[PDB]
Each structure stands twice: as structure tokens, then as C-alpha cells.
Amino acid sequence: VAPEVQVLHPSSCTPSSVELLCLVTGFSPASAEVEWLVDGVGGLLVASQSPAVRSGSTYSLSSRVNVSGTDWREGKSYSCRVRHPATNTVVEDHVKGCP
Amino acid sequence: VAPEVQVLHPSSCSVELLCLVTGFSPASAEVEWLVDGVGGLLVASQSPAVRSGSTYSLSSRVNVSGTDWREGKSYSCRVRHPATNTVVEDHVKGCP
Amino acid sequence: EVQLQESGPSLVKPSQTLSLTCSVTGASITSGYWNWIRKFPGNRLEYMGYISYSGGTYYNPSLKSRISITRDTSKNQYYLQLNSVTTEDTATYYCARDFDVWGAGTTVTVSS
Amino acid sequence: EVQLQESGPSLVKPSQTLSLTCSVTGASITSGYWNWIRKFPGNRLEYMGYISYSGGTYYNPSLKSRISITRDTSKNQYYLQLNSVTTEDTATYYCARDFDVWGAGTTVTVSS
Amino acid sequence: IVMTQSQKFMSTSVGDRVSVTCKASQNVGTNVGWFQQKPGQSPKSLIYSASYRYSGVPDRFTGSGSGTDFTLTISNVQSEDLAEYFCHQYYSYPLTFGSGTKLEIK
Amino acid sequence: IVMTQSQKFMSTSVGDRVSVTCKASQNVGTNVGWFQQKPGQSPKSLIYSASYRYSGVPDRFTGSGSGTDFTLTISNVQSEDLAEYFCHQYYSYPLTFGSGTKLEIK
Ligand SMILES: *[C@@H]1O[C@H](CO)[C@@H](O)[C@H](O)[C@H]1NC(C)=O
Ligand SMILES: *[C@@H]1O[C@H](CO)[C@@H](O)[C@H](O)[C@H]1NC(C)=O
């Protein structure tokens, strides 16, 4: 019942806000929360949240953050860290641009 | 309600294209994948609908060649809707 | 590289069943969407109908009841049947893939 | 900013309440994912606490019903209480924010 | 659904940039494409979506999207560019086409 | 989680490469990081992410290894880095730290 996380990059080739979407699926009896980090540093990114849509056995949800268009292709590493209080398990995903 | 379709990909320099479609007021639709505007060339794994009470949204995942991506070939996800009799689509240009 | 070729009678009598068959030269009738469109001499076109690769059709209400569209299987062909024709139905008929390749077209005269 | 300043009693008795505080300067405590860890006189160390941005907490096994880690939103301060010190808890305590910012630490000696 | 193409027999000289437009009562959005019909040949689907090129389509012919009044410009007209052009709706399963335009090389 | 170092201390001359092998029981994926002990200074973290670099970190070292066996490999050791390196694992939330490996000048 631990979460699975995948982060997708909805952006065109042209440089310069660019959205970044974190999808969390197959998780949370009870609940879990999502934190966004830049190069391992939290507190810099605030993503829009969505309510849980339940299948009845589990649920999925996602969050999306507006990352500045001048950071992509500069080598910055972005990540989505999903932590589930129940089961005491934390999972994360990591994305990068292409300089 | 006409469906709303968006296509996202992992990027990070085959690459999966995940087409997320929601907003099906009668809960019935089908999805076609196209390359450079021509359909029938790609086969995606089609997931069942989540059957959310708000709308029976669903998604599909396709593996598209890394070379075509590097060459700048665009891909699109087109959703056909037989009950509302409409077509919606989204386009991924990628980056040469 | 995937062509369509129209085939059918050149003339049909009034109030006589008219049937045309699309011959598909490539790809497969099991992928994408296929249709029937016709052009009238006065530089105007109308869409007559839609064929799903999985089976099932959609028709333009302006062709209601008289129009019957079906699909073959192993022969990669589709056909359009009209059970009522008049002189205003003389037109060039085209087979096409939705939003992609069009055939050359054929002209059908409705007259004695 | 990244300035985490440790403060505590320095010396306590075996039965007295041990209480330590961390002053966190930079970002906000409300950002969450703040922890409390300790390093023993040897080179082993262990995790001993978490505070969420929501106010929820987590306690490490073997310190059950003792840690009672608490935060003060207006002060931007966090603090630990272990009830009786028990004389074994002589490790250097550190304020680390989930591997992002390690601050100053300090030991507390237990003797009588 | 409806279409309006109030243009006929437009002329262009070699090298000129010549445009064609189409309007509709519906806003449509990025749900159009265009045809090129040359007499004696099967028509080709030439413009994909609001503005794109189907594989094999030359770059000299560039479209422009809108929510009304969709357009196309043929840059650097050379030869064998005279055809009837049509505006094609994608918005709904019922389709409509305009009456099209004819191009002259004078 | 159970973590251990394969060697409590190591020594290497300036300019050469050093490495630390971190072993653990269970399977923690890639949810690891590295930590630089600085005696007399507040200790500081590195490779905060899962085997990926952290802001500011010198380019001499990036994360490596997976599952059960992780390594630190710092090439071209320079200045004052003769201290303990700790391996941290956060896969299971009752977070476990291993012992550090001390680097000596020779
Ligand atoms: C990003 O900013 C644009 C600005 O118009 C806004 O439309 C979009 O919804 C924002 N997206 C997110 C995820 O904040
Ligand atoms: C793409 O191919 C890999 C090859 O193993 C497979 O694991 C993955 O599920 C495929 N994804 C899609 C969307 O086809």
C-alpha cells in the first residue's frame, strides 16, 4: 500500500512559468502527503493540490507546480517526495532538464 | 460536458507519453494516437476508467521512439467521443 | 502510402438501392477511423458518415434512415448503401480516413 | 536562511526532566519536515523525532511516550522533552530538518 | 456547424505571399485543417490542426490558428500551386466545408 | 533498518581517490544520502537526494550504488576533508544511520 510516484514534464522545446506534474498512485489507506524539492532543498516550491479520488481500495492524486522558465536547461534537479505516515514509508521521484 | 485531454511525458533527456483525459459526461469515449498528424502508427496501453462519480476519467501510455523525438516529430492524442459527437486533442512537439 | 479507391455503379435508377464500396490498399481497417464524404457539383461538400475500427457507426442526420454504412473484415473494405435516391443525389463520392488520406473519388449519376 | 541554534540545560540529574530547544532561522518551521536526532559518545547516532507542517508528529520506537516533540509557531522554535533523563541519554543532540540544514548541537551530561 | 469562405479566384504572381481565410459561426478553436484539391488528382490533407504540416507537406505553406477567422499563407509561390483549397472542421462529428477558393498564377 | 560500514577508517594522500562502502540489510532502493562530519563545526550533509548531487556540493563526488550496497567515491581529495563520512538511509521512516568512516592523511 506504499505509494508509487511519477513526475512528468509538460513543456515545449522553446526555453522560457513551466508546469511540472507529480502523479501519485496506488496509495494511502488513510492519507499521505507530497513535498516538492529543488536539488534536494525543500520550501522553495508550492504546488496546487487536489482531493483524493478513491476507488475504495486505494486512491490516486497529483500536484502541479509552476517552475520558472529560466531554471530549466540550467542543470537544476527537481524532485517530488511523497511520504506516507502509515507504513512509515517515503518514496520519491527525480526529474531534470536537458541543457 | 466535452472531454478535456492533456498529454505529459517524463522527458529527462523510448519515452512514455501519458494522455490524461477527464470530463466525460456520459462516461464513454475512445482515444487515438497520431504521429505528425497521421493516426494508426502507435499502439498505447489503455487503462480502464477510474469511474469517479464526477466523471469516468481515464488515461493511456505509449512508448514513442527516442530518435523520432530527437528529430522533432510531433505526437498528438486525439479523443473521439461517440455520445457527445465531438473530438478533442492535444499536441506534444517535443524538442529536436 | 495508404490509398483508397472508390468502387460502385456509374448510374443508379431513381428509388433504387445504391451501393459503393471503399477498397483500402494498406494499413488496416482495425486501426483509426474511416468515413464517407460526398461533393456536390455546386462546390459544396457534406459528411455522410463515420465507421469505427472496432465496429459501430455514426451518421449525419441529413442522411437519416436512407443511409446504411457497414464494414467488411478480411477484405479491408467498407460499403455505403442508400435505400432512397433522387436526382439531387448525383455527386462525386469519396472514401477517406478521418483527417488524413482521401481517395480519388467517383461520380454517381441518379437518373433514368 | 540556514541557521539552526541548539540550546539546553547542559547538565541534568538522573531523575530531572530533560528539555532542549532549537531556534530555526530561515524559511519557516511551517515548511515542515523538521526532525530531532542524537549522536552517542561513540560514532553511532539515531533518529528521535519529526514534526509535520500540520502539527502531526512521529516518534521513534524505544522512546515511546517520552519524546513529546513540540513546536511554537510564533517563536519559530522547536523543543524536546524526554521526561526522566535516565542517565543513558548523554548523546549530542542535533536539529537537522530532514537532511537539509544541520544546525549546532550539544551534549547534556547526567551525573549525581 | 457552418462555414463561410467569402473568397474566389484570388490571383498571385510567382514569389508572392498569398493568403486564404475561412470563418464560422462557431468559435471552433484549434479544431481545423485544410485540403488542397488539384483537378485530376486525389485531394491531399495539407494542414493538420490549427497550424502544422502533415509529413511530406512543404514548409513554404504556413497556417495560423484562431478562435474565428482561421488563415493560411503560401509563401514564395513557385509552380503547380493552383488548386481549390478548403477549410475543414474538426470540432464536431458533423462536418462542414466552405465553398473553397481558386488560385490564379497571374 | 540495519546499516554498517565495511571499514571504520581509511587513509589516503592528497590528490588521490578514496571510497567508502556502505552496506545494509533489507532493501531500501536508492533512498540514501551522504554526510560530512566536521569536528568543531556544525556537521553538514551532501548527496541529499537519492544518489544525486545536492546544492553547492563539490564536483569531486556524486552518489553511486543501489538496493543493498552503496558507495562513496571522492576523487582528488583536497584541503581539509580528513573526517568521518556517514551513510544515511531514509527508505523506512524509523530512519537509521550507520557509523562514519574516518579519512586520514596517509
Ligand atoms: C502557472 O501560471 C499560469 C499563469 O497564467 C497559470 O495560468 C497556471 O495555471 C499556473 N500553473 C500552476 C500549476 O500554478
Ligand atoms: C515501454 O517499454 C518498456 C520495456 O520494458 C516497458 O517496460 C514499458 O511498460 C513500456 N511502456 C509503454 C507505455 O508501452
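Conventions and cut-offs
Residues numbered from 1 in each chain as written, not as in the entry; some residues may be left out. Chains lettered and ligands numbered in written order. Heavy atoms only, no water. Helix = DSSP H or I, 4+ residues; strand = E, 2+ residues; numbered from the N terminus. Buried < 20%, exposed > 50% of the residue type's maximum accessible area, 1.4 Å probe, protein only. Areas by Shrake-Rupley, 256 points an atom, 1.4 Å probe, with all protein chains shown as cover. Rg over C-alpha atoms; globule rule 2.2 N^0.38 Å. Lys, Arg positive; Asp, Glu negative; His and termini not counted. Charge placed at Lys NZ, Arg CZ, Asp CG, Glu CD. Near = heavy atom within 4 Å. Polar contact = N/O pair within 3.5 Å; in protein donor to acceptor, adjacent residues only side chain to side chain. Contact = heavy atoms within 4.5 Å. Buried area = accessible area lost by both parts, 1.4 Å probe. Salt bridge = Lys/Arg side-chain N within 4 Å of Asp/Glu carboxyl O. Pairing = 2+ DSSP bridges. Disulfide = S-S within 2.5 Å. Axes fitted to C-alpha atoms, helices over the stretch in contact; angles between N-to-C directions. Patch = residues over 30% accessible without salt bridge, like charges linked within 9 Å, V, L, I, M, F, W, Y side chains within 5 Å. Nonpolar A, V, L, I, M, F, W, Y, C, P; charged D, E, K, R; others polar.

- As recorded in the entry header, the structure was determined using cryo-EM to a resolution of 4.00 Å.

Concerning the overall build of chain A
Alright, step 1. On a plain count of helices and strands, chain A comes out with zero helices and eight strands.
Alright, step 2. Each of the 99 residues in chain A was classed as buried or not, and the buried ones make up 51%.
Alright, step 3. Accessible surface, chain A as shown: approximately 4500 Å² in total, 49% of it carbon and sulfur.

Observations regarding the overall build of chain B
Alright, step 1. Per the secondary structure count, chain B includes one helix and eight strands.
Alright, step 2. Counting from the amino terminus, helix and strand elements in chain B follow one another as β-β-β-β-β-β-α-β-β.
Alright, step 3. A globule of 96 residues ought to have a C-alpha radius of gyration of about 12 Å, and chain B, at 13 Å, matches this closely.
Alright, step 4. Dimensions of chain B, computed from C-alpha atoms along their principal axes, come out at roughly 40 × 25 × 20 Å.
Alright, step 5. The buried share of chain B, reckoned over its 96 residues, is 50%.
Alright, step 6. Carbon and sulfur atoms form 47% of the exposed surface of chain B, whose accessible area is close to 4400 Å².
Alright, step 7. Chain B carries 7 positive and 9 negative side-chain charges, and their two centres are separated by 2 Å.

A closer look at the site of ligand 2
Residue and element names in this part refer to chain B.
Alright, step 1. Around ligand 2 sit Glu 16, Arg 61, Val 62 and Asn 63, and those are all the residues in its vicinity.
Alright, step 2. The contact in question runs from a nitrogen atom of ligand 2 to an N or O atom on the side chain of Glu 16, over 3.4 Å.
Alright, step 3. Here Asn 63 contributes a side-chain N or O atom positioned 2.4 Å from an oxygen atom of ligand 2.
Alright, step 4. Calculation on ligand 2 without its partners gives an accessible area of 360 Å², and the protein chains cover 37% of this total.

Re the interface of chain A and chain D
Alright, step 1. At the interface, eight residues of chain A touch eight residues of chain D.
Alright, step 2. When the two sides are added together, the surface that chain A and chain D hide from each other amounts to roughly 720 Å², 37% of it contributed by carbon and sulfur.
Alright, step 3. The largest per-residue losses of area from chain A upon contact with chain D belong to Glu 33, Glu 35 and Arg 83 of chain A, which jointly make up 60% of the total buried on that side.
Alright, step 4. At the surface where chain A touches chain D, the tally comes to two salt bridges.
Alright, step 5. Residue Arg 83 of chain A pairs with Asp 98 of chain D through a salt bridge whose shortest N-O separation is 3.2 Å.
Alright, step 6. The interface formed by chain A and chain D contains five residue pairs in polar contact.

Focus on the site of ligand 1
All names here are of chain A.
Alright, step 1. The environment of ligand 1 is made up of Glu 19, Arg 64 and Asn 66.
Alright, step 2. Measuring from a nitrogen atom of ligand 1, one finds a side-chain N or O atom of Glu 19 at 3.1 Å.
Alright, step 3. Taking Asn 66, its side chain carries an N or O atom lying 2.4 Å from an oxygen atom of ligand 1.
Alright, step 4. Protein chains bury 40% of the 360 Å² of accessible surface belonging to ligand 1 in isolation.

Looking at the pairing of strand β4 (residues 34-39) of chain D
All names here are of chain D.
Alright, step 1. Counted residue by residue, β4 has six buried out of six residues, so it is predominantly covered.
Alright, step 2. Both faces of β4 are covered, namely the face carrying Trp 34, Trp 36 and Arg 38 and the face carrying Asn 35, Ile 37 and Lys 39.
Alright, step 3. Of the pairings in the sheet, the one linking β4 to strand β5 (residues 45-51) comprises five bridges and is antiparallel in character. For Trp 34, the partnering residue across the bridge sits in β5 and is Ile 51.

Focus on the environment of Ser 50 of chain A
All names here are of chain A.
Alright, step 1. Inspection of the secondary structure puts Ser 50 in the loop between β4 (41-42) and β5 (53-54).
Alright, step 2. Sequence separation between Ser 50 and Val 34 is 16 residues, and the spatial gap between their C-alpha atoms is 11 Å.
Alright, step 3. In this structure the side chain of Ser 50 is engaged in a polar contact, spanning 3.0 Å, whose partner is the backbone oxygen of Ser 62.

Describing the state of the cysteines
Alright, step 1. The full count for this structure, using the stated rule, is eight disulfides over all chains.
Alright, step 2. Paired by a disulfide, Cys 22 of chain C and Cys 95 of chain C hold their sulfur atoms 2.0 Å apart. Disulfide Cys 22 of chain C-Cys 95 of chain C: the torsion about the S-S bond is -95°, which places it as left-handed. Of this pair, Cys 22 of chain C sits in strand β3 (residues 18-24) while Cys 95 of chain C is found in strand β9 (residues 91-97), placing the two residues 73 residues apart along the sequence. An identical accessibility class is assigned to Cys 22 of chain C and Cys 95 of chain C; each is buried.
Alright, step 3. Residue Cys 22 of chain E pairs covalently with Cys 87 of chain E via a disulfide, S to S 2.0 Å. Between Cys 22 of chain E and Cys 87 of chain E the sulfur-sulfur dihedral comes to about 45°; the bridge is accordingly right-handed. Taken together, the positions of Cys 22 of chain E in strand β2 (residues 18-22) and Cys 87 of chain E in strand β7 (residues 84-89) put the pair 65 residues apart, joining distant regions of the chain. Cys 87 of chain E matches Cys 22 of chain E in its accessibility class, with the two residues each being buried.

Remarks on the sheet that holds strand β1 (residues 3-7) of chain D
Residues and elements named next belong to chain D.
Alright, step 1. Taken in spatial order, the four strands make up an open sheet running β1-β3-β8-β7, and their pairing is antiparallel. Each edge of the sheet is formed by a strand with only one pairing partner; in this case those strands are β1 and β7 (70-72). Across this sheet, the average inter-strand angle for adjacent strands is 20°, counted without regard to direction.
Alright, step 2. Note: β1 against strand β3 (residues 17-25), five bridges, orientation antiparallel. Each residue of the ladder has a partner; that of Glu 6, found in β3, is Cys 22.

Thoughts on the side chain of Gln 37 of chain F
Alright, step 1. Checked against the element boundaries, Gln 37 of chain F lands in the loop between β4 (32-36) and β5 (44-46).
Alright, step 2. Judged by relative accessible area, which is 8%, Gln 37 of chain F ranks as buried.
Alright, step 3. Reaching out from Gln 37 of chain F, the side chain makes a polar contact with the side chain of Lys 39 of chain D at a distance of 3.0 Å.
Alright, step 4. Excluding anything up to four places from it in sequence, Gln 37 of chain F contacts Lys 39 of chain D together with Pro 43, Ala 83, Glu 84 and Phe 86 of chain F.

A word on the side chain of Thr 92 of chain C
Alright, step 1. Here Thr 92 of chain C lies in strand β9.
Alright, step 2. Beyond its immediate stretch of four places on either side in the chain, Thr 92 of chain C contacts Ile 37, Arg 38, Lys 39, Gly 105, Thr 106 and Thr 107 of chain C.

Some words on a nonpolar patch on the surface
Alright, step 1. A grouping of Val 14, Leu 82 and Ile 105 of chain E is seen on the molecular surface, where their side chains present a nonpolar patch of about 230 Å² in accessible area.
Alright, step 2. Structurally, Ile 105 of chain E can be placed in the segment after β8 (101-104).

What to know about the interface of chain F and chain D
Alright, step 1. The interface is formed by 19 residues belonging to chain F together with 17 residues belonging to chain D.
Alright, step 2. Of all residues in chain F, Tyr 48, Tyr 93 and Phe 97 of chain F bury the most surface against chain D, accounting for 35% of the area lost on that side.
Alright, step 3. Here chain F and chain D share six residue pairs in polar contact between them.
Alright, step 4. Taken together, the elements giving at least two residues each to the side of chain F that touches chain D come down to β5, β8 (84-89) and β9 (96-104) of chain F.
Alright, step 5. For the side of chain F that touches chain D, the per-class residue count stands at 10 nonpolar, seven polar and two charged.

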